[PDB]
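S.K.: Take this sequence and fold it.
(7 chains, ligands or ions: 4)
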Amino acid sequence: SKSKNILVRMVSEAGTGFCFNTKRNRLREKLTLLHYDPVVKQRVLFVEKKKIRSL
Amino acid sequence: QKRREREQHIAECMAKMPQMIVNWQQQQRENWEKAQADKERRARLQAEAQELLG
Amino acid sequence: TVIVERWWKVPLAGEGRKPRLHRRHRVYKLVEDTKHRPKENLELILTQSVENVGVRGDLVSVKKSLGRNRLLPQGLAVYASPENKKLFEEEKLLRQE
Amino acid sequence: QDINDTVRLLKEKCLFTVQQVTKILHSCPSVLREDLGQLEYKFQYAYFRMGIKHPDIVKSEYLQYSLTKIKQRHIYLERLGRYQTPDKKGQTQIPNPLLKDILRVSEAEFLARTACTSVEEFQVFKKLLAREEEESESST
Amino acid sequence: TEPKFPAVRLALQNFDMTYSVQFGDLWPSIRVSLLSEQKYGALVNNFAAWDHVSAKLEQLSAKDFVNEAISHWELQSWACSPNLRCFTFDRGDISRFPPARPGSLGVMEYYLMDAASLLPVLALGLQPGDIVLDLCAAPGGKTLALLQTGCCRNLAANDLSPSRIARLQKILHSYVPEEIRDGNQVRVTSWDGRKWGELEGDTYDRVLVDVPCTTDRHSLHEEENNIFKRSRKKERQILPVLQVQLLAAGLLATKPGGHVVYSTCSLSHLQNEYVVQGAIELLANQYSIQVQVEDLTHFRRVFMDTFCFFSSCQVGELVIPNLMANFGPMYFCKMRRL
Amino acid sequence: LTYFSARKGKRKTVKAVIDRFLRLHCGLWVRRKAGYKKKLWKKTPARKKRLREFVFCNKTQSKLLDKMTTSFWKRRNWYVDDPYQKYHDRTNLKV
RNA sequence: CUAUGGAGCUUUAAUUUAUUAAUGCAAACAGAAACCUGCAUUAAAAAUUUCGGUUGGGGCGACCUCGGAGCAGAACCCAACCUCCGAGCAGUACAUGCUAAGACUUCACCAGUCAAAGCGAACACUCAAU
Ligand SMILES: C[S@@+](CC[C@H](N)C(=O)[O-])C[C@H]1O[C@@H](n2cnc3c(N)ncnc32)[C@H](O)[C@@H]1O
Ligand SMILES: [Mg+2]
Ligand SMILES: [Mg+2]
Ligand SMILES: [Mg+2]
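M.R.: Numbers count the residues shown, from 1 in each chain, chains lettered A, B, ... in the order given. Ligands and ions are numbered 1, 2, ... in the order given. Please see the structure below:
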């Protein structure tokens, strides 16, 4: 029951405060995705901020 | 005041958002190119090893 | 002095009626013990010469453990009551005259 | 108060006779300097994992030695198979090496007579046991 | 916890009772090494930045014992399986390799495996453009080495347990790039190993059989699913029959002139040598198949510098655990089918 | 359930149902979905969408809550700017 | 054999130090000390309560959730105990966004599943369980 992946939180770089949770490999770099922001009604960058839990 | 500060912060971030997006895409493309260049270098080293074997 | 507070809320009784107490209202929690609080200084007026202050009529704040055991019991000092301070300012005025 | 606490630990927690406590104080004076927790750990290690009794420990002066070297040599012999911890019945399938030989002699003589192994192997085991002990302390 | 007589203690008692007469005066050192932590070796992923990770390990002061053995091959004088890199620390060292990190290629740099497990792969003597069978492949400690060698166009790895099959597939996804495994170059399956003698007879050139066995190192530490449990006593008793059947099945599967490497992670002669002898006798009796066990003394002498061998083995070669070199326990026999 | 209180001799109300359920004056009961805030990272967007809705209760549960709550909660209210004001009455309902 | 019925005894069963004793700090004096009070740490001696089911010996073990096969041949359901193999994951996107007709459902409920159109983008993710 080893935990290969962890759940981490991505916040928008647009400053809207929007954020969402996604799973990633522990042995990996911090993620910088391009995700839709409902506040600005378009797609913006999201950077990893905090590790939530291991799964 | 709080609403205005929120709006101006959003505007300031979105002003430079396209530059951040294009810089990130350029960084990803350069990382992929560097990885492929390392693949080619590894293939060259394998060819050199084959030359040494022969 | 120990101070306690009930763990459970007591329902309001109103005016002129005593509250109704329950067994759960006997459960208390220790808010604070006064004996562990920082000490204070007792303020008094001297009558004779003392080592700290040797002039009669000077208001001095000294530790209670000494003021209550040496100065007051032996008559070496008196309380800083308004009557006492008035009577001492009277003799101060007489001296200045 | 420190001496009172130490002697109360010896008499009540460790359950030593008064004469045994007097002999321990006379023979191993570093016990007073030693803290209570480590002393109790040493005594219970000897009592359970080695199966030695109060007269034997007070006669062999086990408490004066370093817990680190005691652990190293005892665990080395136990993993070798030379030392077998006494069971519930008190019986041991093999004879046990004497406490005097395991502790009081040098490392060279200890390896030559009991371990019958190489000094390099002993040093490697010392490193491994130190790592295991520090990992156990971190886990606890 | 368990009520009475835990499986680890039962395994230790059995090993004492047997090896005290099976080994003589090596049992103390063997027991100490088994009870102590094992040394790890770093297998370089040749598909990744092998040169960079080799530089990193050499800065970590690890040495390429495989390259040292390659140098000593001619010094002592089928050669061995080429294109392999494994790094271990000096004799008596306790330093451990840091956990592997992904490279720029997306595949992890190296795999931490027991060095003795790499000996059967080297003894198998792989050649370019070969066909490889791997019985009891999962979790894939040796199949990873086979793929790092990369001398096999078709590799057929089989293991009965779906859980270990899934673990092997995860390892393959982590290490091997997807383009190699997309085709039929790698075929991972979950079926009984005794079937291959009829499913594919005289088909595969190189075959590696690592039968299930009472692994002493795992038995003395792990307390979950041990061969020395009371529920598994029947399996432990029946184990030699399964081992000899699997070896016979592998010998049937391999082609005439092909090579078979039988390996086991234990020290008992009953499950090391008698299994091989029973397999060859069964081949002679039932199916009239002849095999020749090759001599691996030349193989042993090269690695005597960084490995400890027992010099009283009738057929194969056995590496015993030691404090200076905690690799093992391992045993392997190489045989060509005629 | 307290059918007769010891201080007033009148039926009491369970506060769990009051805290968990909303009653419309027409007789319907509106509730939440169990687990609409639990482990959302392993649930599909459609599943979360249907989990974060407000649903009605059937006849048996409605009668149970009717018995477990007193008549004060079944009165008609005239709150100013009530989100559920239009849902208190049924329209075009036959039998 | 049953009771989500008792009681006695034991203990490294769960929850406590109310109590006693010994320490430490605070308080109070002396100048150091003792008694008392409060707050903490140790023990000692105790107080309340409890024995989840299956496998009939009994131990020794195993089992309790979900998926598949032997299991009801052709809409659905249906063999409990039993025999066996697995699962309590992984991998790829980052619109794996937002709302909304009409439906299915493991025989109740709780849950669970599919989905037209519409807004917004581009030119309802694979997997039996997980
Ligand atoms: C000892 S492990 C070998 C692991 C791997 N080959 C290595 O060297 O690192 C053998 C595995 O084969 C599987 N196995 C057992 N019996 C088998 C059989 N009869 N046929 C195929 N695989 C079997 C078991 O699940 C066991 O985990
Ligand atoms: Mg019942
Ligand atoms: Mg009670
Ligand atoms: Mg239904």
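S.K.: what's around the residue nearest to residue D:24 when sequence neighbours are not counted, how many residues?
M.R.: In this structure, residue D:24 finds its nearest non-sequential neighbour in residue D:58, 5.9 Å apart by C-beta to C-beta, 6 or more residues apart in numbering or on different chains. Using the backbone N, CA and C atoms, a C-beta is placed for each residue, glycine as well. A count of neighbours around residue D:58, defined by other C-beta atoms under 10 Å in any protein chain shown, yields 20.
S.K.: OK, contacts around residue D:58?
M.R.: Each residue near residue D:58 by C-beta atoms under 8 Å, 6 or more residues apart in numbering or on different chains is listed here: D:16, D:20, D:23, D:24, D:27.
S.K.: Of the residues you listed - the most surrounded one?
M.R.: residue D:24 (22 neighbours).
S.K.: For that residue, what are phi and psi?
M.R.: The phi/psi pair for residue D:24 (degrees, to the nearest 10) reads phi -60, psi -40.
S.K.: picking that back up, what's the closest of the contacts of residue D:58 to chain B?
M.R.: For the contacts of residue D:58, the closest approach to chain B (C-beta to the nearest C-beta) belongs to residue D:24, at 69.1 Å.
S.K.: pretty sure that closest one is touching residue D:10, no?
M.R.: Yes - proximity of residue D:24 to residue D:10 meets the contact threshold set by C-beta atoms under 8 Å, at 6.8 Å.
S.K.: which neighbours do these two share?
M.R.: By C-beta under 8 Å, 6+ apart, the residues touching both residue D:24 and residue D:10 are D:16, D:31.
S.K.: thinking again about what came up before, could you export the contacts of residue D:58 as TSV, including distance to RNA strand G and secondary structure?
M.R.: Formatted as TSV, the contacts of residue D:58 follow (distance: C-beta to the nearest atom of the strand, whole Å; DSSP: H, G, I helix; E, B strand; the rest coil):
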residue	distance to RNA strand G	secondary structure
D:16	15	coil
D:20	19	helix
D:23	24	helix
D:24	20	helix
D:27	26	helix
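S.K.: Now the two most distant members of these.
M.R.: D:16 and D:27 (12.9 Å; C-beta to C-beta).
S.K.: Could you say which helix or strand holds the residue nearest to residue D:24?
M.R.: helix D:54-60 (DSSP states H and E).
S.K.: What residues sit buried inside that helix?
M.R.: D:54, D:57, D:58, D:60 (16 or more other C-beta atoms under 10 Å in any protein chain shown).
S.K.: CSV for those residues, including distance to residue A:55?
M.R.: Compiled in CSV, those are given as follows (distance: C-beta to C-beta, whole Å):
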residue, distance to residue A:55
D:54, 53
D:57, 51
D:58, 56
D:60, 55
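S.K.: Among those residues, which one lies nearest to chain F?
M.R.: residue D:57 (57.0 Å).
S.K.: Could you measure from the closest one over to residue D:92?
M.R.: Residue D:57 is 17 Å from residue D:92, where distance means C-beta to C-beta, to the nearest Å.
S.K.: what's the neighbour count on the closest residue to residue D:126 other than its chain neighbours?
M.R.: Leaving aside its chain neighbours, residue D:126 sits nearest to residue D:72 (5.5 Å; criterion: C-beta to C-beta, 6+ apart). Per other C-beta under 10 Å, the neighbour tally for residue D:72 reads 18.
S.K.: Next, see if stretch E:34-48 gets close to chain D.
M.R.: Yes - residues of stretch E:34-48 contacting chain D under C-beta under 8 Å from any C-beta of the partner chain: E:35, E:36, E:37.
S.K.: That stretch and chain A, are they touching?
M.R.: No - with C-beta under 8 Å from any C-beta as the criterion, chain A is not reached by stretch E:34-48; the gap is at least 13.6 Å.
S.K.: For that stretch, C-alpha coordinates in PDB please.
M.R.: The C-alpha coordinates for stretch E:34-48 follow below in PDB (Å, rounded to 0.1, in the frame of the first residue of the first chain):
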ATOM      1  CA  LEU E  34      21.400 -12.300   7.300                       C
ATOM      2  CA  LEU E  35      20.200 -10.700  10.500                       C
ATOM      3  CA  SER E  36      22.000  -7.400   9.600                       C
ATOM      4  CA  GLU E  37      21.100  -5.000   6.800                       C
ATOM      5  CA  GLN E  38      22.000  -5.900   3.200                       C
ATOM      6  CA  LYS E  39      24.200  -3.800   1.000                       C
ATOM      7  CA  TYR E  40      22.600  -2.300  -2.100                       C
ATOM      8  CA  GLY E  41      23.800  -2.000  -5.700                       C
ATOM      9  CA  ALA E  42      22.800   0.700  -8.200                       C
ATOM     10  CA  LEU E  43      21.900  -0.600 -11.700                       C
ATOM     11  CA  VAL E  44      22.300   2.100 -14.200                       C
ATOM     12  CA  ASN E  45      19.400   2.600 -16.600                       C
ATOM     13  CA  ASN E  46      21.200   2.600 -19.900                       C
ATOM     14  CA  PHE E  47      18.200   4.200 -21.600                       C
ATOM     15  CA  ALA E  48      18.700   7.300 -19.400                       C
END
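S.K.: where's it relative to the chain centroid, distance-wise?
M.R.: 13 Å (C-alpha atoms, centre = their mean, to the nearest Å).
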